[PDB]
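Student: A single structure is presented below for examination.
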Amino acid sequence: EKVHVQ
Amino acid sequence: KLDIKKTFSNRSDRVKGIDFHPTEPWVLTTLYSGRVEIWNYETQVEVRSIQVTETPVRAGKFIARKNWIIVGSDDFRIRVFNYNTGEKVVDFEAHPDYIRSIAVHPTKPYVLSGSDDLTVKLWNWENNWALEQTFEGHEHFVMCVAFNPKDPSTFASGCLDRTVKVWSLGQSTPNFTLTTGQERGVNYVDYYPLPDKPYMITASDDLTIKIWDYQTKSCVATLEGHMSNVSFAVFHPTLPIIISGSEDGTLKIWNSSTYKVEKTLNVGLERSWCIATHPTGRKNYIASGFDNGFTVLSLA
């Protein structure tokens, strides 16, 4: 669910 | 004339934050691995490096006037280190979620942090790093914070909620909210630093970069050409160009008058995440952080 994890 | 020379590039783990020191020939990099590095890019020797945490450090800036670096990481913490001694000056939980961006006021002792907790927080290092204000209103992760260099009583936040909000330090609601029409959100916001245009610039996962007049709220131009998420776009402080970088692995340089691409660089470090321009245009230095390291370039 968290986006931009990278 | 554009004459791009590589002054120093080195490989490392993914670099998420990057910044230039204003008076020493140093670049700070903050890595996904929890490590931070300060390199002298002229001698190509490390001045200091620290394993700050085991989580990603997405944000890092010099605070030159206090001889500090300030960093923020996915463990929710802001840490400050003296770069001459290595002393950890402060270490506190800033948000209950990831820190995406840190900005520091050009004269006043203020730091802003933008977070996945939907807020921007203002910290004052002359008041024991007290939380002096929380700016609430955004509805998704706050990806980028930037003071207006021409009026640093105001700052901008760029958000995955597809807006930029511009705020005044005294005040709890935005002076205005910019609806960007960048429907995959805003990853980055920057101000044009010179007094002849009231411009800001936004970068998005929707592959576009947009220029805004902050007085009228109009979109002046849309810059298209990146083939994956645009991580950042900035006005060069001195040269009439815009510099962007993307998960497509490229840096692009655009003419800031015609808004057409001038040069596309694949520096060979895979995806691009972050950017810094030298605070006073020394040798027209820029630096960018990527999946596989960083590069410092002289634009001419």
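Student: For the stretch B:78-94: of the residues being under 22 Å from residue B:12 (Cβ atoms) and outside any strand (DSSP E or B), which is nearest to the chain's Cα centre (by Cα)?
Tutor: B:83
Student: Condition check: over 19 Å from the mean Cα position of the chain (by Cα), over 30 Å from residue B:6 (Cα atoms) and surrounded by fewer than 14 Cβ atoms within 10 Å (Cβ to Cβ). Does residue B:128 satisfy that?
Tutor: It is true that residue B:128 is over 19 Å from the mean Cα position of the chain (by Cα), over 30 Å from residue B:6 (Cα atoms) and surrounded by fewer than 14 Cβ atoms within 10 Å (Cβ to Cβ).
Student: Evaluate the following for residue B:116: is it of a type in the set (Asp, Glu) and either under 16 Å from residue B:59 (Cβ atoms) or touching a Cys at 6+ places or on another chain (Cβ under 7 Å) (or both)?
Tutor: Yes; evaluated as a whole, the condition is true for this residue.
Student: Does the stretch B:179-189 hold any residues that are without any contact (Cβ under 8 Å) to a residue 24 or more places away in the chain and in a strand (DSSP E or B), and which are they?
Tutor: Selection gives B:179 alone.
Student: If you don't mind, another one. Output the residues belonging to the stretch B:104-123 that are within 14 Å of chain A (Cβ to nearest Cβ), at negative phi and of a type outside the set (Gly, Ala, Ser).
Tutor: Result: B:116, B:117.
Student: Quickly run through the stretch B:206-253 and pick out the residues that are buried (at least 19 other Cβ atoms within 10 Å of the Cβ), assigned to a strand (DSSP E or B) and either over 16 Å from the mean Cα position of the chain (by Cα) or free of Cβ contacts under 8 Å to residues at least 24 places away in the same chain (or both).
Tutor: B:208, B:210, B:211, B:212, B:223, B:241, B:252, B:253 - these are the residues of the stretch B:206-253 that are buried (at least 19 other Cβ atoms within 10 Å of the Cβ), assigned to a strand (DSSP E or B) and either over 16 Å from the mean Cα position of the chain (by Cα) or free of Cβ contacts under 8 Å to residues at least 24 places away in the same chain (or both).
Student: Let me spell it out: the conditions are (1) touching a helix residue (DSSP H, G or I) at 6+ places or on another chain (Cβ under 9 Å); (2) without any contact (Cβ under 8 Å) to a residue 60 or more places away in the chain; (3) surrounded by 18 or more Cβ atoms within 10 Å (Cβ to Cβ), and residue B:20 meets all of them except one. Which number is the exception?
Tutor: (2)
Student: Only one of B:264, B:173 is closer than 24 Å to residue B:137 by Cβ and hydroxyl-bearing (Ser, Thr, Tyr). Can you tell me which?
Tutor: Going through B:264, B:173 in turn, just one is closer than 24 Å to residue B:137 by Cβ and hydroxyl-bearing (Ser, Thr, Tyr): B:173.
Student: Say whether the condition of being within 27 Å of residue B:150 (Cα to Cα) and within 14 Å of chain A (Cβ to nearest Cβ) is met by at least one residue in the stretch B:55-63.
Tutor: Looking for residues that are within 27 Å of residue B:150 (Cα to Cα) and within 14 Å of chain A (Cβ to nearest Cβ), one finds at least one in the stretch B:55-63, hence yes.
Student: Tell me, which residue of the stretch B:23-48 that is assigned to a strand (DSSP E or B) and exposed (fewer than 14 other Cβ atoms within 10 Å of the Cβ) is nearest to the chain's Cα centre (by Cα)?
Tutor: Here the residue is B:46.
Student: Looking only at the stretch B:190-205, which residues are not in a strand (DSSP E or B) and not basic (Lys, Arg)?
Tutor: B:192, B:193, B:194, B:195, B:196, B:198, B:204, B:205
Student: So, in the stretch B:191-205, exactly how many residues are touching a residue at least 12 places away in the same chain (Cβ under 8 Å) and surrounded by fewer than 18 Cβ atoms within 10 Å (Cβ to Cβ)?
Tutor: Residues in the stretch B:191-205 being touching a residue at least 12 places away in the same chain (Cβ under 8 Å) and surrounded by fewer than 18 Cβ atoms within 10 Å (Cβ to Cβ): 5 in total.
Student: So, one more: Which of the residues spanning the stretch B:255-278 are outside any loop (DSSP other than H, G, I, E, B), out of contact with any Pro (no Cβ under 7 Å at 6 or more places or on another chain) and touching a residue at least 40 places away in the same chain (Cβ under 8 Å)?
Tutor: Within the stretch B:255-278, B:262, B:263, B:265, B:272, B:273, B:274, B:275, B:276 meet the criteria.
Student: While we're looking at this one, here's another question. Can you tell me which residues in the stretch B:68-77 are under 12 Å from residue B:30 (Cβ atoms) and assigned to a strand (DSSP E or B)?
Tutor: Within the stretch B:68-77, B:69, B:70, B:71, B:72, B:73 qualify.
Student: From the list B:89, B:36, B:45, which residue is over 30 Å from residue B:135 (Cα atoms) and either away from chain A (no Cβ under 14 Å) or touching a residue at least 60 places away in the same chain (Cβ under 8 Å) (or both)?
Tutor: Just one listed residue meets the conditions, B:45.
Each row is one residue, and each column tells you yes or no for (1) surrounded by 23 or more Cβ atoms within 10 Å (Cβ to Cβ); (2) within 14 Å of chain A (Cβ to nearest Cβ); (3) part of a loop (DSSP other than H, G, I, E, B); (4) in contact with a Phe, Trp or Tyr (Cβ under 6 Å, 6 or more places away or on another chain).
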| residue | (1), (2), (3), (4) |
| --- | --- |
| B:138 | yes, no, yes, no |
| B:150 | no, no, yes, no |
| B:157 | yes, no, no, no |
| B:161 | no, yes, yes, no |
| B:167 | yes, no, no, yes |
| B:173 | no, no, yes, no |
| B:177 | no, no, no, no |
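Taken together, the values in this text are just the output of simple stated rules run on the coordinates, not laboratory data. Here Cβ is always computed from backbone atoms with ideal geometry, including for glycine, and neighbour counts include all displayed protein chains.
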